[PDB]
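If you want the building blocks of each chain, they are given just below.
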Amino acid sequence: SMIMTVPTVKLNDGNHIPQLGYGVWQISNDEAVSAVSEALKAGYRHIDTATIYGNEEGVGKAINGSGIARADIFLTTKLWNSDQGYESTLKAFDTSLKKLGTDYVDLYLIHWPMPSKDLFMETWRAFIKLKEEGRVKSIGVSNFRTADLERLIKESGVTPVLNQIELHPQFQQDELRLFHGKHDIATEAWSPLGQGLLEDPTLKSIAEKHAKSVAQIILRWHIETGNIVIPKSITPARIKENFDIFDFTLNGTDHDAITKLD
């Protein structure tokens, strides 16, 4: 009868984000509807997409038809590279809201620091405005390097709540995580499960030690190192498997052994 409470990460702007969320990647609208429905059914309350994936309508349909209040779901999307700029971001966001069928997003991220610093600063200027207007609750970035974050913080005075980056046991991003911690930016891991290490002996051993799956061990390692994770499995069994990571803990030796995988 115990229900594990999904931890939230308190962000630098006072908002809280569920530490586990469900990643939608390059799937179709119909697929997004089914997957997001399945995730919300499995107990996920944090849904992550990006405008370039072309599935905002379907994500929005599953969310609005879930029987869960909009206020109880945390929804992230992301501004695509070709829409960077002040006015072009305001336009893109409007279009994304219309597609999603809601009047705010919890988190809006700049998808990449591409194609230039000037362009992303103008996008950031637009995010600041959307945040002032109360249409975006938290603003952040994705795939930003330490030099992009330095320029963003120096030039705007506004520090992103998080930077979503590729992060998994074979790509641990030690440097960026050190910068993030230094400047109160949360780390969010995309592709947190990495590369199919399902046959790695360290991870297999830890999975047995705890009677959990290798994916569950990887996701618990992320949770214990303070990462927000957005695993993106498409099969229901895996969607449910990735949710069940709050009923156990690793220990000290486990962490050392996973660190050695980078």
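The residue numbers shown here are sequential, starting from 1 for each chain in the order of its written sequence. They can differ from the numbering used in the entry, and residues that have no coordinates are not displayed. Side-chain measures were taken over the full set of non-hydrogen atoms in the model, leaving aside hydrogen atoms and water. Residues with missing side-chain atoms are left out of burial classes, side-chain pairs and their counts.

By the method listed in its record, X-ray crystallography, this PDB entry was determined to a resolution of 1.80 Å.

A.B. asks: For the packing of helix α1 (residues 29-42) against helix α2 (residues 56-64), give the residues involved together with the corresponding values.
C.D. replies: Remark: α1 packs on α2, axes separated minimally by 7 Å, with the N-to-C direction vectors making an angle of 35 degrees. The element α1 and its partner α2 pack so that their crossing is right-handed. Every residue of α2 that contacts α1 at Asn29, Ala32, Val33, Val36, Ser37 and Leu40 is listed here: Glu56, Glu57, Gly58, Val59, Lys61, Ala62 and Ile63. Every axis in this analysis is a line fitted to C-alpha atoms, fitted for helices over the stretch in contact. Angles between the N-to-C directions lie between 0 and 180 degrees. Note on conventions: DSSP H or I runs of at least 4 residues are helices, E runs of at least 2 residues are strands, and numbering of each starts at the N terminus. Take the far helix as the reference: if the near one is turned anticlockwise from it by less than a right angle, the crossing is left-handed, and if turned clockwise, right-handed. In what follows, residue pairs with any heavy atoms lying within 4.5 Å of each other are defined as contacts.

A.B. asks: Can you tell me about helix α6 (residues 174-182), naming the residues and giving the values?
C.D. replies: Think of an α-helix as 3.6 residues a turn; residues three or four steps apart then line up on the same face. All of the buried residues along α6 are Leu176, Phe179 and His180. An end-on view of α6 places all buried positions within 100 degrees of arc, on one side of the element. For α6, the exposed residues lying more than 90 degrees away from the buried face are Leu178, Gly181 and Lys182. Taken together, the buried residues of α6 touch α5 (146-156), β8 (162-166) and β9 (186-190). Just downstream of α6 lies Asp184, where phi reads positive at about 60 degrees. Only protein chains enter the accessibility calculation, which uses a 1.4 Å probe; a residue is then buried when its area is under 20% of its type maximum, exposed when over 50%, and partly exposed in between. Our arc is simply the arc of the directions from the helix axis toward the C-beta atoms.

A.B. asks: A description of the sheet that holds β9 should follow, citing residues and the corresponding values.
C.D. replies: Sheet architecture is open: eight strands sit in the order β3-β4-β5-β6-β7-β8-β9-β10, paired in parallel fashion. Each edge of the sheet is formed by a strand with only one pairing partner; in this case those strands are β3 (22-23) and β10 (228-229). DSSP-based pairing: two strands are paired if at least 2 bridges between them are found. Judged from the two bridges that link them, strand β7 (residues 136-142) and β8 form a sheet pairing that is parallel. In the strand pairing of β8, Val141 is matched with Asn163.

A.B. asks: Which residues make up the pattern of salt bridges, and what are the values?
C.D. replies: Pairing between side chains of opposite charge can happen when their charged atoms approach one another. Any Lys or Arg side-chain nitrogen found within 4 Å of a carboxyl oxygen on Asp or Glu counts as a salt bridge. One pass over the full model with this rule turns up 10 salt bridges. In this structure, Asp148 and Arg145 form a salt bridge, with 2.7 Å as the shortest nitrogen-oxygen distance. The residue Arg220 makes a salt bridge to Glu224 at a minimum N-O spacing of 2.9 Å. In this pair, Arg220 and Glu224 are both assigned in helix α8 (residues 214-225), four residues apart and thus about one turn of the helix distant. Residue classification places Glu224 among the partly exposed positions, given a relative accessible area of 28%.

A.B. asks: Quick one: what's the story with the layout of surface pockets, residue by residue and with numbers?
C.D. replies: Definitions used throughout: a 1 Å grid over protein atoms alone; a cavity as a set of points that fits a 1.4 Å probe which cannot get out; a pocket as an open set with protein on both sides within 12 Å along at least five of seven lines; a lining residue as one with an atom within 4 Å of a point. Grid points are joined across faces, edges and corners, and a volume is the space filled by probe spheres set on the points. Its volume calculated, the second largest pocket comes out at about 160 Å³. Lining the second largest pocket, in full, are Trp112, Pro113, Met114, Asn143, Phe144, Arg145, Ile165, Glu166, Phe171, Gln173, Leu176 and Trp190. The classification used treats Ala, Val, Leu, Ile, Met, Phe, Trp, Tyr, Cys and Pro as nonpolar, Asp, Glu, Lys and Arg as charged, and all other residues, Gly among them, as polar. Of the residues belonging to the lining of the second largest pocket, the class tally is eight nonpolar, two polar and two charged.

A.B. asks: Describe the packing of aromatic side chains, and please don't skip the residues or the numbers.
C.D. replies: In this analysis, rings of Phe, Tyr and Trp, with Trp reduced to its six-membered ring, are considered paired at centre separations within 6.5 Å, and the interplanar angle assigns stacked below 30 degrees, edge-to-face beyond 60, and tilted for intermediate values. All told, the structure shown has eight aromatic pairs when counted by the stated rule. Here the aromatic cluster, defined as three or more aromatic residues joined through ring pairs, consists of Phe93, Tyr108, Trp124 and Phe127. Above the plane of the ring of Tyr86 lies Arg125, whose end atom (NZ or CZ) is 3.8 Å from the centre. Any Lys NZ or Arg CZ that is within 6 Å of a ring centre and within 35 degrees of that ring's normal is treated as a charge sitting over the ring. Cation over ring: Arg220 sits above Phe248, and NZ or CZ is 5.9 Å from the ring centre.

A.B. asks: Could you give an account of the environment of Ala62, with specific residues and numbers?
C.D. replies: Note that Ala62 resides in helix α2. Looking at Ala62, the relative accessible area reads 8%, which means it is buried. It is 5.2 Å that separates the C-alpha atoms of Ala62 and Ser37, two residues lying 25 residues apart in sequence. Not counting the four nearest positions on each side in its chain, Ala62 is found in contact with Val33, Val36, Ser37 and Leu40.

A.B. asks: Let's hear about the pairing of β9: which residues, and what values?
C.D. replies: Burial runs high along β9: five of the five residues are buried. In β9, alternate side chains face the same way, and those of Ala186, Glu188 and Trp190 on one face and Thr187 and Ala189 on the other are all buried. With five bridges connecting them, β8 and β9 associate as parallel partners. When the bridges of β9 are listed, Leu162 appears paired with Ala186. Since β8 and β9 lie parallel, the crossover through α6 that links them has a hand, and here it is right-handed. When β9 meets β10, the two strands line up parallel, connected through two bridges. What sits directly across from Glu188, in β10, is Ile228. A clockwise course of the path from the first strand over the helix to the second, judged with the strands pointing away from the viewer, identifies a crossover as right-handed.

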